[PDB]
């Protein structure tokens, strides 16, 4: 590709064509993902070692090879997985998937070598679990984070009062090293000068860019409180959810948004308190006029659309599509606002646009049912999964369309549908649950984990405490999902 070379392009494109063949069978999206991030050396490395990565002792799926290859240094990560996967699984007890997750970030090589070197000491001397070490390692710069937990976990616990879990949370994001050092430096001043609790500092620091959010809360908390009238809680929420950039934008736009456009401080805070809050704030300031007059909506509706991650994208997509969705497809504004007012609003809107007619015509759903599916977070995903799975769920597993639609009409609908497909046969035929009981467990937020937690308990039946008969577990699962089930595991281990 790179034009300090030529007809090297034929050689390169021919390498890519061959990956479409066996043992990987990569499709265009997969090659694209590799070329976009691992680059041409990752493309070449995947091709040179396609047999070794896909055979024993590694046995990686194509998708796992793609996940490793598609990051800066992917060639090194691929090399290093081949060397260390077996020892990490066998000697350190990790699964192949955990090794892959570690490997699948920029500088994956470094992270893999560092888990090898440090996992034991982190577990034995600092008391972490292997899962915790995996979570710290599985981000860009995971080497740095691992080494920084090793060096700092003791002072942060003993001098500053944090639990190991808190330290793990601060560490387990990109730039975990920086967030950890910055908490070490600034936790005292933030608690003593600005009146924050330890937990609030942890919350601010426990997201990508935590260092920056922390330094910015230090700098801007006084101004935002004593000049613009926000409370400390509100500053924390902004810092925690929208970071540095949202804090700076709030400082700039609070006056304009409140005085000129008529918003409450609460409303500005709510827009600010999400990933991309800066973008959401700047986009409501631009678009509030056109959205509210020029027919359209109330400020309250614009505020609701803006008040989710990707608010900017949702607002802009609502601007573009509200006319065509109401006029050509027959929806009301209110329905468009519901579809738009979740994370991924943009995506849900766009997917309703091209799928509303396919879902009614090719599968017999009504428009109202399509709106319901689309009006939760991940609407795009749920819609595409109903399109794909409705045939098989009805005709093989014997469910009704209304049942499929119920499962799909919660956040994570895609996950619940796919879990039902996977687990309905074993739940019914082997354990005596009815289809209706599986549907009822599935038709809640957290459907997938609740179905998986109920199968896990039914199949092992673990600690043979059978006073929870099948129907009781079904009711527990319906009422409180996995957490209800895990809690009851927690609560039995010896009071009984």
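Numbering follows the first chain given and starts at 1.
For the segment pair 105 to 113 and 88 to 96, the entry gives 88 to 96 the higher mean B-factor, averaged over Cα atoms. Look at the C-alpha B-factors of 260 to 268 and of 146 to 154. On average they run higher in 260 to 268.
Of the candidates 431, 448, 47, 33, the one whose C-alpha carries the top B factor in the deposited record is 431. Among 310, 412, 330, 210, the highest C-alpha B-factor in the deposited entry belongs to 330.
Ranked by Cα temperature factor within the chain, residue 486 sits in the highest third according to the deposited record.
When the modelled residues of the chain are ordered by C-alpha B-factor, residue 286 sits in the highest third. Ranked by C-alpha B-factor against the other modelled residues of its chain, residue 219 falls in the middle third. In this PDB entry, residue 174 carries a Cα temperature factor that places it within the lowest third of its chain's modelled residues. Ranked within its chain, residue 57 lands in the middle third, by CA B factor from the PDB record.
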